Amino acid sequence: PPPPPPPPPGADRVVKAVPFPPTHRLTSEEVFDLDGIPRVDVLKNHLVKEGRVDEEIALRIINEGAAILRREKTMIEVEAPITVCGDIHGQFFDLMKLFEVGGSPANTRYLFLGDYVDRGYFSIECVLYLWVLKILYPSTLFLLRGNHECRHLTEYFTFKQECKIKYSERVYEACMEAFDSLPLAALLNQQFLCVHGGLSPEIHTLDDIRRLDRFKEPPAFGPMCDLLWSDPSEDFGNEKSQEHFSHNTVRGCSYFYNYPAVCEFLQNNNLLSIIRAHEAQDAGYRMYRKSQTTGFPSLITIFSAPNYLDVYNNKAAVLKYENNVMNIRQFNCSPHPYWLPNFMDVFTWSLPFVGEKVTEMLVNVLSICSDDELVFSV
């Protein structure tokens, strides 16, 4: 008779209760149907189990999404009823919950204000899943660019690394391409301007946005930078100064914008409010000072990543606009699998410690004669 087989993997797993990820990557026959349309539930279910996908499928999803996005206006027009969402930041398991609270994309309109990647250790999953939804629901699901959807930031934070480990630098490159394609802004129902960051001193009319050429890495200054980067001032609606814009000391680039700057823009353009994300909120949202003319809050912040960074312990929120009622749905964080900082494996992690400690022991052992012969952290 022949040699016995390897023992069952996980025959000796110590914590046997913990779910074990899939060992197989999804293939195109499993993801795409006869017509070349992706099957979301097959994709979602596999990603939730921490499964990966064949590289060709990653590219294909990312490129198809990019092609659709590329065609869209830089300021898209979008009408109620809709669900508007703020930063996601790689928080895939929260994104799942976001959709349970928001409703299925199959019968629910969505607008995302950007910042899908970085910080969370499931950024590529967020991207693949949103891109498939964009592919399935091109006319009811919308994605804007956030300041993290660019080379500078994803190189600096975790996302370029995430791609390198889970997929390939080729996938990271396809993502940079697709990100250059994301619309910069949305006019919602002719009343609301939606952008990730906010205003720019060089932006006075809606046309000033429509004109912009978005197909590039964002500059270190200018209108495009400011849309993705600006914040309201720390004292918005209560400022001592009447300055419209001041340099943004917190971001290190772009500007703060004052309540006067916001009123002027709303008034000149017949908008009711500005809807943006970009800044974490302990409540998942924040409604700023209401303009006198309308009694409606002149600025709204929506933040959709609960318990941001596992530390903030903040609620998340989405904004449901229907029947002329704008209603905030709050939600709490969800469990997610663990990853070592910068996606390193336990060998890469522990090997240097092993080296130190074994060498140290030996060095000590060998110093038992002084020329007579002549604690591990993440």
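Residue indices: 1-based, along the sequence shown.
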Do the CA atoms of 254-262 or those of 140-148 have the higher mean B-factor in the entry?
254-262
With respect to the recorded C-alpha B factors, which stretch has the higher mean value, 7-15 or 365-373?
365-373
Criterion, highest CA B-factor; candidates, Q330, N63, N324, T27
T27
Considering only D94, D226, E155, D87, which residue's Cα atom bears the greatest B-factor as recorded?
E155
According to the PDB entry, is the CA B factor of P218 in the bottom, middle or top third of its chain, that is, lowest, middle or highest?
middle
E169: CA temperature factor from the record, placed by chain third, in the highest
Determine, from the deposited record, the chain-internal third of the Cα B-factor for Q267: lowest, middle or highest.
highest
Modelled-residue ranking by C-alpha temperature factor, third containing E279
middle
Test of reading the entry: by CA B factor among the chain's modelled residues, which third contains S304?
lowest
